[PDB]
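Data from start.txt: compact mmCIF, C-alpha atoms
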# COMPACT_ATOMS: atom_id res chain seq x y z
CA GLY A 492 0.00 0.00 0.00
CA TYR A 493 2.16 2.85 1.31
CA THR A 494 5.67 3.16 -0.02
CA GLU A 495 8.58 3.97 2.28
CA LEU A 496 8.45 7.62 1.21
CA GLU A 497 4.72 7.69 1.86
CA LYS A 498 5.23 6.09 5.29
CA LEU A 499 8.05 8.56 5.97
CA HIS A 500 5.71 11.47 5.32
CA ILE A 501 3.00 9.97 7.50
CA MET A 502 5.39 9.36 10.39
CA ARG A 503 6.94 12.84 10.13
CA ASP A 504 3.70 14.75 9.59
CA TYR A 505 1.12 12.69 11.45
CA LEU A 506 2.29 9.75 13.58
CA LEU A 507 5.22 11.24 15.46
CA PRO A 508 3.57 14.64 16.09
CA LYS A 509 0.48 12.87 17.44
CA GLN A 510 2.45 10.52 19.77
CA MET A 511 4.62 13.44 20.93
CA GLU A 512 1.51 15.32 22.08
CA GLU A 513 0.10 12.07 23.51
CA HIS A 514 3.25 11.73 25.63
CA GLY A 515 3.40 15.50 26.13
CA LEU A 516 6.69 15.99 24.33
CA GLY A 517 7.28 19.40 22.83
CA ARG A 518 9.71 19.81 19.96
CA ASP A 519 12.38 21.22 22.28
CA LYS A 520 11.84 17.93 24.12
CA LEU A 521 12.05 15.42 21.24
CA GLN A 522 13.69 15.60 17.81
CA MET A 523 13.87 12.73 15.32
CA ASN A 524 15.49 12.86 11.91
CA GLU A 525 14.18 11.43 8.62
CA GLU A 526 17.02 8.96 8.42
CA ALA A 527 15.90 7.65 11.82
CA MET A 528 12.22 7.34 10.80
CA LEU A 529 13.21 5.61 7.55
CA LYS A 530 15.33 3.25 9.60
CA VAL A 531 12.53 2.16 11.94
CA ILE A 532 10.22 1.73 8.95
CA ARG A 533 12.59 -0.79 7.35
CA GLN A 534 14.26 -2.60 10.26
CA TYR A 535 11.45 -2.51 12.82
CA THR A 536 8.37 -2.80 10.62
CA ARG A 537 6.85 -4.94 7.95
CA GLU A 538 3.27 -4.07 7.07
CA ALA A 539 1.19 -2.53 4.29
CA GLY A 540 0.02 0.22 6.59
CA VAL A 541 1.28 2.05 9.64
CA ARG A 542 -0.14 0.23 12.66
CA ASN A 543 3.22 -1.00 13.97
CA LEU A 544 4.82 2.19 12.75
CA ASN A 545 2.50 4.18 14.94
CA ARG A 546 3.15 1.58 17.70
CA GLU A 547 6.92 2.12 17.33
CA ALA A 548 6.47 5.89 17.28
CA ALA A 549 4.59 5.57 20.56
CA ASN A 550 7.40 3.44 21.93
CA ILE A 551 9.92 6.07 21.03
CA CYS A 552 7.94 8.79 22.82
CA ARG A 553 7.46 6.67 25.93
CA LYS A 554 11.15 5.89 26.07
CA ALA A 555 12.12 9.47 25.38
CA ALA A 556 9.81 10.67 28.14
CA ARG A 557 11.44 7.99 30.30
CA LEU A 558 14.76 9.87 29.86
CA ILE A 559 13.34 13.24 30.93
CA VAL A 560 11.43 11.74 33.88
CA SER A 561 14.12 11.19 34.64
CA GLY A 562 17.81 11.00 33.77
CA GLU A 563 19.84 12.29 30.86
CA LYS A 564 18.89 14.16 29.00
CA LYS A 565 16.40 17.05 29.09
CA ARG A 566 15.93 16.92 25.33
CA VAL A 567 16.06 13.65 23.36
CA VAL A 568 17.41 13.58 19.78
CA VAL A 569 16.87 10.51 17.63
CA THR A 570 19.48 9.54 15.05
CA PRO A 571 19.74 6.17 13.30
CA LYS A 572 22.37 5.54 15.95
CA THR A 573 20.17 6.22 18.99
CA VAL A 574 17.30 4.25 17.43
CA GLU A 575 19.00 0.99 18.44
CA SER A 576 19.46 2.07 22.05
CA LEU A 577 15.71 2.69 22.19
CA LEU A 578 14.13 -0.20 20.28
CA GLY A 579 16.94 -2.75 20.37
CA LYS A 580 18.44 -4.69 17.45
CA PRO A 581 16.82 -4.30 14.06
CA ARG A 582 14.07 -6.88 13.60
CA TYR A 583 14.53 -6.84 9.81
CA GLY B 492 -12.69 -15.04 36.54
CA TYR B 493 -11.12 -12.27 38.62
CA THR B 494 -13.09 -10.85 41.49
CA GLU B 495 -12.57 -7.14 41.87
CA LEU B 496 -10.47 -7.69 45.03
CA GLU B 497 -8.36 -10.06 42.99
CA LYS B 498 -7.99 -7.42 40.27
CA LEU B 499 -6.94 -4.94 42.95
CA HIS B 500 -3.97 -7.06 44.04
CA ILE B 501 -2.88 -7.72 40.47
CA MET B 502 -3.35 -4.02 39.75
CA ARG B 503 -1.44 -2.90 42.89
CA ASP B 504 1.34 -5.49 43.09
CA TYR B 505 1.66 -6.10 39.44
CA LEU B 506 0.10 -4.04 36.61
CA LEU B 507 0.85 -0.57 37.94
CA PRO B 508 4.39 -1.46 39.10
CA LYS B 509 5.17 -2.88 35.66
CA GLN B 510 3.66 0.17 33.87
CA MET B 511 5.46 2.61 36.18
CA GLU B 512 8.70 0.88 35.24
CA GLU B 513 7.75 1.04 31.52
CA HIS B 514 7.19 4.83 31.72
CA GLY B 515 10.21 5.29 34.01
CA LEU B 516 8.25 6.41 37.07
CA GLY B 517 9.62 6.01 40.58
CA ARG B 518 7.39 5.81 43.64
CA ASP B 519 8.32 9.40 44.54
CA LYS B 520 6.84 10.34 41.17
CA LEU B 521 3.60 8.37 40.92
CA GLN B 522 1.51 7.46 43.95
CA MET B 523 -1.82 5.65 43.56
CA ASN B 524 -4.22 4.71 46.31
CA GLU B 525 -6.37 1.56 46.37
CA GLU B 526 -9.64 3.47 46.27
CA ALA B 527 -8.40 4.90 42.94
CA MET B 528 -7.43 1.49 41.49
CA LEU B 529 -10.76 0.02 42.55
CA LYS B 530 -12.47 2.96 40.88
CA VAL B 531 -10.80 2.40 37.53
CA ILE B 532 -11.54 -1.32 37.81
CA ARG B 533 -15.25 -0.75 38.42
CA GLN B 534 -15.91 2.44 36.46
CA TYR B 535 -13.63 2.03 33.43
CA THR B 536 -13.43 -1.73 32.90
CA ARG B 537 -15.78 -4.41 31.63
CA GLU B 538 -13.72 -7.61 31.40
CA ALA B 539 -13.00 -10.98 32.95
CA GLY B 540 -9.28 -10.35 32.88
CA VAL B 541 -6.90 -7.44 33.17
CA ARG B 542 -6.18 -6.54 29.53
CA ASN B 543 -8.01 -3.20 29.58
CA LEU B 544 -7.02 -2.79 33.21
CA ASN B 545 -3.41 -3.02 32.21
CA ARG B 546 -4.18 -0.62 29.36
CA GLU B 547 -5.69 1.89 31.77
CA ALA B 548 -2.69 1.55 34.07
CA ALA B 549 -0.49 2.28 31.07
CA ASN B 550 -2.65 5.29 30.34
CA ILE B 551 -2.34 6.61 33.81
CA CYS B 552 1.42 6.28 33.64
CA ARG B 553 1.58 8.04 30.30
CA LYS B 554 -0.62 10.89 31.46
CA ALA B 555 1.33 11.14 34.70
CA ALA B 556 4.70 11.29 32.97
CA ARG B 557 3.12 13.85 30.64
CA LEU B 558 2.71 16.14 33.68
CA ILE B 559 6.31 15.79 34.83
CA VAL B 560 7.60 16.47 31.29
CA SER B 561 6.18 18.94 31.72
CA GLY B 562 3.59 20.98 33.56
CA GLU B 563 1.69 21.00 36.85
CA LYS B 564 3.67 18.63 38.98
CA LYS B 565 6.96 16.90 39.86
CA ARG B 566 5.13 13.97 41.47
CA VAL B 567 1.58 12.78 40.63
CA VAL B 568 -0.89 11.50 43.23
CA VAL B 569 -3.86 9.53 42.00
CA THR B 570 -6.95 9.68 44.17
CA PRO B 571 -10.40 8.67 42.97
CA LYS B 572 -10.80 12.44 42.55
CA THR B 573 -7.89 12.89 40.13
CA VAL B 574 -9.04 9.91 38.03
CA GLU B 575 -11.40 11.93 35.83
CA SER B 576 -8.58 14.40 35.15
CA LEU B 577 -6.63 11.55 33.59
CA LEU B 578 -9.36 9.27 32.25
CA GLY B 579 -12.68 11.15 32.03
CA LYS B 580 -16.26 9.96 32.51
CA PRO B 581 -16.60 6.53 34.17
CA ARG B 582 -17.63 4.23 31.31
CA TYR B 583 -20.46 2.97 33.54
Translate this structure into C-alpha cells?
Amino acid sequence: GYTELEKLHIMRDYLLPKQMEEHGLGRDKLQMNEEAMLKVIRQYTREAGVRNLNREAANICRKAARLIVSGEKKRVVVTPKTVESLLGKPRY
Amino acid sequence: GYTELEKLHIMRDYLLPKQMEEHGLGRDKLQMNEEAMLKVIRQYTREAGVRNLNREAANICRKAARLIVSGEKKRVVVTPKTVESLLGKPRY
C-alpha cells in the first residue's frame, strides 16, 4: 500500500507529532530525523500500513519521556544511531 | 474469573508497578491509592481479565509522565478524585 516515502511522510507529519503530544513531548523535548524514521520503517516494521509504525512511534515517545522523567537528557534527539538504544536490534 | 479484590492485588502489586517501570516512574513520582485502582476497575473496565485494566494503568502512567515532562507537577498522586482528570467519565 504505502511506499517507504509515503510512510516517511506519514510518520513525520502525522504519527510522530500525534504521539509526541500524547506523551506530552514538545519539539524542544524530542527531535527525530528522517534517516531515523526511515530506519525504523525498514528494520522494525513490515506491514502494508502504519499500525506497527505508529506503535513504534509511541514506543519512542514513551522511552524518550522515560529519559526526561528522569535521567539524561532534558531533550532527546533521535538519530539512526540512537534508534538501536531505544528499540533494540533491528528486527529486519 | 477475577473478582474485583483479585484485580486490585494484580493491579497494585503487578500491573501498575510494571507500567510505572515502563514509563520510568519512581514511587516518589507516581503514587496511587487503592480506592483509585478500585475505581478504575469498576468504572472504566468491563472484562474478565486485566487486559483493559493493564491498558488503563499504562494510560495513567503516560498521562502522569506527561505532567512531569512537563507541567503542573513533579510527582503525581492519583486519588479517585484525580481519576477523571486523567481518564474522564466513568464508562459505567
Pull out every residue of chain A sitting within 6 Å of chain B, counting only C-alpha atoms, and send them as number ranges by chain. A: 514-515, 557
Export of the given selection (C-alpha atoms) as an mmCIF file, in the frame of the given file:
data_model
loop_
_atom_site.group_PDB
_atom_site.id
_atom_site.type_symbol
_atom_site.label_atom_id
_atom_site.label_comp_id
_atom_site.auth_asym_id
_atom_site.auth_seq_id
_atom_site.Cartn_x
_atom_site.Cartn_y
_atom_site.Cartn_z
ATOM 1 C CA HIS A 514 3.250 11.730 25.630
ATOM 2 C CA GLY A 515 3.400 15.500 26.130
ATOM 3 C CA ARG A 557 11.440 7.990 30.300
#
Just give me the gap between CA of residue 577 in chain B and CA of residue 506 in chain B in Å, one decimal is fine.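 Between CA of residue 577 in chain B and CA of residue 506 in chain B the gap works out to 17.2 Å.
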List the neighbours of residue 548 in chain B out to 10 Å using all atoms listed in the file; skip same-chain residues closer than 4 positions along the sequence, and give me the result as a PyMOL selection string. chain B and resi 502-503+506-511+528+531+541-544+552-554
Distance CA of residue 521 in chain B-CA of residue 495 in chain B, one decimal place? 22.4 Å
Quick one, how far is CA of residue 568 in chain B from CA of residue 567 in chain A?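 Separating CA of residue 568 in chain B from CA of residue 567 in chain A is a distance of 26.2 Å.
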Considering all atoms listed in the file, can you say which of B:499, B:539, B:551, B:532 comes closest to residue 573 in chain B? B:551
